[PDB]
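A quick write-up on the structure given underneath.
Cβ placement follows ideal geometry from the backbone for every residue including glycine, while neighbour counts extend to all protein chains displayed. Every number here is computed from the coordinates shown, using simple stated rules; none is lab data.
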Amino acid sequence: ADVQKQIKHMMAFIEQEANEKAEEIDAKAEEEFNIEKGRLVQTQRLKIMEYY
Amino acid sequence: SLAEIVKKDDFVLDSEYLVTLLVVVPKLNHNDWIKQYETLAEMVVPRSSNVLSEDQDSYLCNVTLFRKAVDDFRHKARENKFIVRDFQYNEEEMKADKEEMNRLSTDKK
Amino acid sequence: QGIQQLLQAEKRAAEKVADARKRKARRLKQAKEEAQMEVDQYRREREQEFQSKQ
């Protein structure tokens, strides 16, 4: 009984690790490239006005 | 040294979340460590307690636990008169040390 | 027994790191071309200022 519950609590320590191992880069790099693609708005808006 | 008593099945690989330490337990405290192996640290396996080798005074056992919970298990076992002997990938280097023990006798000859 | 189910459930967590790269793989790739969809915001700027040239 207790040998299975500590196994079942280890599955919970996998699940709280899995939430930490699926949301860190998925929230950071989604905000990293929004600066980078926002820079791709800014880097073009210098030259595309300069052709005008 | 455990260059001949080493076994890959006696240890738990993939040390990202689980690792089996070679825990030495005395013959008098063999039953007391068997009822306290689950309570030595958090997230430790309560069914991995199994004697790897045995001596006349003490008994060597394996204890699987978490990667960050090895220090909490070794601290409570040192208060519970148990010793935790580390085992790593240098057992393959200890197999070359037995060849170096043969190379020492070859160089002496 | 407990030791063999721990590794395959670790592969479940090792399958959600493949989602932790995927949601920064597809999202990096889809809106990189949406940054190239702002060329159409320039294509309307040239053709409407083609009128002020005209």
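Specify the inter-centroid distance of the range C:34-51 and the range A:32-52, based on alpha-carbon positions, in whole Å.
Using only Cα atoms to place each centre, the spacing works out to 13 Å.
From the phi angles alone, apply the Karplus equation (6.51, -1.76, 1.60; θ = phi - 60°) to the range C:11-16 and give each ³J(HN,Hα) in whole Hz, x where the residue is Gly or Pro.
Each residue of the range C:11-16 in turn: 6, 5, 6, 7, 8, 8 Hz.
Along the Cα-to-Cβ line of B:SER53, 7 Å from the Cα, sits a label point; which residues in the range B:66-94 have backbone N less than 14 Å from it?
B:85-88, B:91-92, B:94
Would you mind checking which residues have amide H under 5 Å from B:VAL84's amide H? H placed 1.01 Å from N; only 5 or more apart, or other chain.
B:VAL24
Where the centroid of each part is defined by its Cα atoms, how far is the range B:93-109 from the range B:11-33 in Å?
If you average the Cα positions of each part, the centres end up 30 Å apart.
Once the dipole of chain B is set up with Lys and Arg at +1 and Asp and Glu at -1 on Cβ about the Cα centre, which of B:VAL25, B:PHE66, B:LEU104 lies farthest towards its positive end?
B:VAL25
Relative contact order (percent) for chain B, with alpha-carbon contacts under 8 angstrom and 6 or more residues of separation?
Working: 148 pairs, mean separation 35.8, N = 109.
Relative contact order of chain B: 33 percent.
So how strong a dipole does chain A carry about its Cα centre when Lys and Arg Cβ are +1 and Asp and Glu Cβ are -1, to the nearest 20 debye?
Result for chain A is approximately 240 debye, rounded to the nearest 20.
If I fit a long axis through the Cα atoms of helix B:70-79 and take the longest principal axis of the Cα atoms of chain B, what angle between them do I get, 0 to 90°, rounded to 10?
So the inclination is approximately 80 degrees.
Place a +1 charge on the Cβ of each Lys and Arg in the range B:42-109 and a -1 charge on the Cβ of each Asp and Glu, then give the dipole magnitude about the Cα centre in debye, rounded to the nearest 20.
Rounded to the nearest 20 debye, it is 100 debye.
Starting from the Cα gyration tensor of chain B, take the square roots of the eigenvalues, sort them a ≥ b ≥ c, and report rounded, prolate or oblate (rounded when a/c is under 1.5, otherwise prolate if a/b is larger than b/c, else oblate). Don't skip to the answer; put the middle values down first.
Numbers: a/c = 2.71, a/b = 1.75, b/c = 1.55.
Cα axes put chain B in the prolate bin.
Mind giving me the FRET efficiency for A:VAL3 and C:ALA18? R0 is 25 Å, r the Cβ-Cβ distance, nearest 0.05 is fine.
So the FRET efficiency works out to roughly 0.20.
Mind putting a number on the dipole of chain C about its Cα centre? Charges go on the C-beta only, +1 for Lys and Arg and -1 for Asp and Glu, and I need it in Debye to the nearest 20.
I would put it at about 320 debye.
For the range B:29-36, in order, what is each residue's ³J(HN,Hα) by Karplus, 6.51 cos²θ - 1.76 cosθ + 1.60 with θ = phi - 60°, in whole Hz (x at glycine and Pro)?
Each residue's phi maps through the Karplus curve to give 9, 6, 7, 6, 7, 6, 9, 10 Hz.
Toward the positive end of the charge dipole of chain A, about the Cα centre and with charges on Cβ (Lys, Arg +1; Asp, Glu -1), which of A:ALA12, A:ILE35, A:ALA1 goes farthest?
Of the candidates, A:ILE35 comes out farthest on the positive side.
In nm, give the distance between the simple-model label positions of B:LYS108 and B:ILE5, each being 7 Å from the Cα along the Cα-to-Cβ direction.
2.3
For the pair B:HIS75 and B:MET101, what calculated FRET efficiency results from E = 1/(1 + (r/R0)^6), where r is the Cβ-Cβ distance and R0 = 30 Å, to the nearest 0.05?
The computed FRET efficiency comes out at 0.30.
If I histogram all Cα-Cα distances within the protein assembly as shown using bins 5 Å wide from 0, what percent of pairs lands in each bin?
1, 6, 11, 11, 10, 9, 8, 7, 6, 5, 5, 5, 4, 4, 3, 2, 2, 1, 0, 0, 0
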